[PDB]
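Here's the letter readout for the chains.
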Amino acid sequence: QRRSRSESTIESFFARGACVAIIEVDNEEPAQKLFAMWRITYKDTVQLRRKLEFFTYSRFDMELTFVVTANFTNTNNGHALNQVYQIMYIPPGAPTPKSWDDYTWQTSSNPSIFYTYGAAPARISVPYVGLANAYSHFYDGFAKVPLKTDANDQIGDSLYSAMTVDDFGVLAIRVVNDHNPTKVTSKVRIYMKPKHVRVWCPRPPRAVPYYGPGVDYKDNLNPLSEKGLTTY
Amino acid sequence: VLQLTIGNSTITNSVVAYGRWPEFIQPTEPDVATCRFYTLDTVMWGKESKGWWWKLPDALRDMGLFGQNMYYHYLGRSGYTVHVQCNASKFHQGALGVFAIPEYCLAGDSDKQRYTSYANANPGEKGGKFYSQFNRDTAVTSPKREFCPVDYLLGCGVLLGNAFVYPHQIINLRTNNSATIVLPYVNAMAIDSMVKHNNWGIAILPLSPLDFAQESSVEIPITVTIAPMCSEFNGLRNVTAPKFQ
Amino acid sequence: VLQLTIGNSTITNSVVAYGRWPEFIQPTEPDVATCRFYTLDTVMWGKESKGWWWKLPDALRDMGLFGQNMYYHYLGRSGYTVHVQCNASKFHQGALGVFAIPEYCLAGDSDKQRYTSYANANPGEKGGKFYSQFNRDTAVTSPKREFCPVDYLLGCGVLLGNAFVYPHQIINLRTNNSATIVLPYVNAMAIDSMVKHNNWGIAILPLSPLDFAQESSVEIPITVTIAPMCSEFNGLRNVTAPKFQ
Amino acid sequence: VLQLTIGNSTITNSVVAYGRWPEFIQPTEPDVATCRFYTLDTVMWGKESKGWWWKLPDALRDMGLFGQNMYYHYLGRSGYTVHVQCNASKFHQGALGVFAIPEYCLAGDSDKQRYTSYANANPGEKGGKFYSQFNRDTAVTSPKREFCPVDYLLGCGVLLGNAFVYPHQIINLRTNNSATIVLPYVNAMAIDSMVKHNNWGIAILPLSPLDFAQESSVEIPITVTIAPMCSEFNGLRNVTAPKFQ
Amino acid sequence: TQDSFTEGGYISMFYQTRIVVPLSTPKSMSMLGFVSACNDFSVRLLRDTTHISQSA
Ligand SMILES: CCCCCCCCCCCCC/C=C/[C@H](O)[C@H](N)CO
């Protein structure tokens, strides 16, 4: 035995940064997208989702990297000075911005990153922030149980396999700069890298296209292709 | 193969899921009232049967004092011992795959996502049945809000063939007539609510179709017997009465 | 006087009946599900009240998991801790005798002997009430088959004054507002059926009539809280469903 | 509970604020002239009383030689022992919260901010009184420049319920008739001017309204007695004569 | 934050017997409630409170 399995380890399997979200933030004269709130999850994309759903439970420290790409929108010769983007983390319960100049942007206790355009992509790390002892990719249950004494069925009605409505909060991204006379549109791509990963209860990989945050399937349910029984 | 005695119930290969025996972590532990084999309602395996599925501990919600402890206390944990019995003659042929899936989330029948109701998602001891194809619900006025498992997709968007990654046992009528799986408590928490969360899912699929001699129609019984093991509850309060309709 | 904590229930002289603390003798022993204080329905002590009586363990037949274990198992044993609460002002006067009678057999209301029905002999948490005189049942067509306890005869043909030979506690409003009796398991057998046999009888008699200032009508509440102690059951089978009508 | 003797004054639970006893740091220290109990003017607690507030050392500015030393010297420091007395019968019901707030800044009555005058901000031994609502001053020509404390806002924009974070004592008439708080010297400096800066604020709030039998109007006295402790002064010069109007 | 998955339970109060008062005594009284954390208490993931707001 001289061939090794260093690259098949769980840490190596997730050691790549996967894009999990693309957020559009526009700066223009203040129906608008001057600030964008994105709920944190890996299920907006399939690749990392499929890799993680190889297992039932996980525990990993995350690393987020933000790549910002700005462009003009129908500019004739209108130009702009280098922009600064504010990415504020809003955990469940904290107030959420209602405008791009709201008081919530003060970031007194909410962590925030101020990224200057043209610099290196903004990278930070997060520890395991799970309420339980491990993350639950699959939850075979509800959060509310409808009881006999409930006045109406909606009291106990809950989404299947949904644990909490506000899983880990949102990221609110704005352009701190005031509006230039010409519109500037930017895309922030968030790349998520698990680290120190531990996994439990392996599961078969998804074989059909994802349909929503659950195991629901709707279309393209015939994956295997035609092949002769005795054809090599 | 050998005697299997738990509490006051005895059953005349057995696989331990993930190589872990059920174990304990002031939790209330009924050493006898709950540690015993409860027999679920028998199902009938025919030539046109697609499969069956049950959810644990939901299947034992009305089984003796185990259900009473489950409903009275707030959060409880329990391992299980599942024993599937299917006796056939030497001239019968077939094979059953018995899979114990942790967090056996199933797919719905409507375009709305995660819209399955608690009543339908918790069938109890009767369980449910897989289907050959995906039948989309069309009753917009009164959606059924029930699962639509697919046999070859395992009801979760994965291929049936890879389901053997889960703890499994094959009842092949030519060699064995019973299967036994010992499941420990598997969850992201040391203890969790049982009324709202199901820890395990038992799926029985007819891998090879049943056949007998040259008979057109043949059906044989399958009986599931589940023994809670090392079950402990905590958070005693008034009794929970779920709305099953 | 001091904190009295059992399981998950705490109550802010206490007499141990016969100087014996409840003790254990594979019996099923819920250390938490059953070892806790259950509060019976409050009664109202007035100036024209003759007394009240309850039967143990009958009074706890529908109290949480204790009743479920009592009905599911064949034979069980349990000690008790009875706590009677009756709070009154400094200007109230009265006295309650709380007696824990072993085998508190009561007299009927008809000329027919030992004709009392199970439903009437097992009132539950509501209990019964003594009477000043003996009212003979006259409904020959449909006899009521109910007890006819007499206050001064204690409902058993004995004098009330000698009832103090039993374990007892006097709640005298001028000095104390509560009584506490710790009853061990008393029976001719180490363990016996609970559905058909009642081990204890709690009788509360107004030894001195209630009075307050110069008010014509005064009534104060009496609340009974019973904690099973060292309760163990055996002989698990299907659930018993007595006909209470 | 026990004798409380300071200098030549004796008073027949006591809480030490922040667990710190008053202590000394050529300061002039009158061991007897200042270390004694001075009794403030009695107030009357009624059914329509919102509360009272005093400022220390301002309340003792005209109390014997303590006031003379306070005005003659430049900067002085002093701990305090506050004793609130309110005697009521067994048939009275009520509760007083006595809070010792460090730097008890209060809100004004005008739209202009921090416009309260020195004369109004330093009432002396008479103190002030809280109000149910916020009455905005409307005398633009001659603004009153006085505080407008609000009972439930504690006069500082905070909730009354959290005021217990401060050193506090509850006089509940059913159990106790007096409260005693020992305040050390609390300031950002080891010693500071007393004429311009008040180190403590004593706020007495009727947490539960006063009531007696079925009487429509009932009022009982509240008397505050404050003993300076370990008081030392420095910077002797001509006497200060504040303009109180 | 209000979440049915991390629901904590309920607190209730009932009359065990009654309130009994003699003559010449107030028949209506008031009780106060206080809440505190025990030594085992802990918090996690600092954030911004929703109680205080500023007009922008
Ligand atoms: C500006 C600073 C940014 C701070 C970002 C903190 C966000 C915290 C989110 C951490 C975990 C998110 C992703 C991991 C959880 C998975 O979705 C689990 N499987 C949950 O089901």
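The rules we used
Residues numbered from 1 in each chain as written, not as in the entry; some residues may be left out. Chains lettered and ligands numbered in written order. Part of a larger assembly, values for the part shown. Heavy atoms only, no water. Helix = DSSP H or I, 4+ residues; strand = E, 2+ residues; numbered from the N terminus. Rg over C-alpha atoms; globule rule 2.2 N^0.38 Å. Buried < 20%, exposed > 50% of the residue type's maximum accessible area, 1.4 Å probe, protein only. Pairing = 2+ DSSP bridges. Near = heavy atom within 4 Å. Polar contact = N/O pair within 3.5 Å; in protein donor to acceptor, adjacent residues only side chain to side chain. Areas by Shrake-Rupley, 256 points an atom, 1.4 Å probe, with all protein chains shown as cover. Nonpolar A, V, L, I, M, F, W, Y, C, P; charged D, E, K, R; others polar. Contact = heavy atoms within 4.5 Å. Buried area = accessible area lost by both parts, 1.4 Å probe. Salt bridge = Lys/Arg side-chain N within 4 Å of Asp/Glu carboxyl O. Axes fitted to C-alpha atoms, helices over the stretch in contact; angles between N-to-C directions. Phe/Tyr/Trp six-rings, centres within 6.5 Å; stacked < 30°, edge-to-face > 60°. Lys NZ or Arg CZ within 6 Å of the ring centre and 35° of its normal.

- What the entry reports as its method is cryo-EM, with 2.7 Å given for the resolution.

**Some words on the overall build of chain E**
Step number 1: Secondary structure assignment for chain E yields zero helices and zero strands.
Step number 2: Taken over the C-alpha trace, chain E has a radius of gyration of 20 Å; the compact-globule value for 56 residues is 10 Å, which it surpasses by more than 25%.
Step number 3: Summarising its shape, the C-alpha atoms of chain E cover approximately 60 × 35 × 25 Å along the three principal directions.
Step number 4: Buried residues in chain E amount to 16% of all 56 residues.

**Observations concerning the sheet that holds strand β9 (residues 128–129) of chain D**
Strand pairing within a sheet occurs via backbone hydrogen bonds; the two strands may be parallel or antiparallel.
Residues and elements named next belong to chain D.
Step number 1: Taken together, five strands build an open sheet; the order of strands is β9-β6-β12-β8-β10 and the sheet is antiparallel. Because the sheet does not close on itself, it has two edges, and the strands there are β9 and β10 (168–172).
Step number 2: As paired elements, strand β6 (residues 52–56) and strand β12 (residues 200–212) share five bridges and run antiparallel to each other. Note that in β12 the partner of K55 across the bridge is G201.

**Topic: the site of the ligand**
Residue and element names in this part refer to chain A.
Step number 1: For the ligand, the set of nearby residues contains 16 residues, the closest of which are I40, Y42, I87, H137 and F168.
Step number 2: Contact between the ligand and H137: a nitrogen atom at 3.4 Å from a side-chain N or O atom of the residue.
Step number 3: Out of a free accessible area of 610 Å², the ligand has 93% covered by protein chains.
Step number 4: Here the residues of the shell around the ligand are counted per class, giving 13 nonpolar, two polar and one charged.

**Notes on the interface of chain E and chain D**
Note on interface size: it is often stated as the accessible area lost on association of the parts.
Step number 1: Listed by partner, the interface residues are eleven residues for chain E and eleven residues for chain D.
Step number 2: Between chain E and chain D, a total of about 780 Å² is buried, with carbon and sulfur atoms accounting for 61% of that surface.
Step number 3: On the chain E side of the contact with chain D, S24, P26 and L32 of chain E bury the most area, a combined 51% of that side's loss.
Step number 4: Run the count over chain E and chain D and you get zero salt bridges.
Step number 5: There are two residue pairs in polar contact connecting chain E and chain D.
Step number 6: A class-by-class count of the residues in the side of chain E that touches chain D yields six nonpolar, four polar and one charged.

**Quick word on the interface of chain B and chain A**
Step number 1: Taken together, the contact between chain B and chain A spans 51 residues of the former and 42 residues of the latter.
Step number 2: Between chain B and chain A the total buried area reaches about 4100 Å² when both faces are included, carbon and sulfur atoms providing 60% of it.
Step number 3: At the boundary of chain B with chain A, the tally comes to two salt bridges.
Step number 4: A salt bridge links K55 of chain B to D140 of chain A; the nearest nitrogen and oxygen atoms lie 2.8 Å apart.
Step number 5: On inspection of chain B and its partner chain A, the count reaches 22 residue pairs in polar contact.
Step number 6: Secondary-structure elements contributing two or more residues to the side of chain B that touches chain A are β8 (92–102) and α2 (118–121) of chain B.

**Focus: the sheet that holds strand β4 (residues 84–90) of chain A**
All names here are of chain A.
Step number 1: Taken together, four strands build an open sheet; the order of strands is β2-β8-β4-β5 and the sheet is antiparallel. With one partner strand each, in any of the chains shown, β2 (35–39) and β5 (112–116) form the two edges of the open sheet. If you compare each strand with its neighbour and ignore which way they point, the axes differ by 20 degrees on average.
Step number 2: Taken together, the five bridges between β2 and strand β8 (residues 170–175) define a ladder with antiparallel strand orientation. Bridging from a neighbouring strand, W38 pairs with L171 of β8.

**Observations concerning the packing of aromatic side chains**
Step number 1: Under the definition given, this model contains 26 aromatic pairs over all chains.
Step number 2: Between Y128 of chain A and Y135 of chain A, the aromatic rings sit 4.5 Å apart at their centres with planes inclined by 50 degrees, giving tilted as the arrangement.
Step number 3: Classification of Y128 of chain A by relative accessible area gives buried; the value is 13%.
Step number 4: A relative accessible area of 14% places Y135 of chain A in the buried class.
Step number 5: Above the face of the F244 of chain D ring, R61 of chain D is positioned so that its terminal group lies 3.6 Å from the ring centre.
Step number 6: The ring of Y115 of chain D is capped by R145 of chain D, whose NZ or CZ atom sits 4.1 Å from the centre of that ring.

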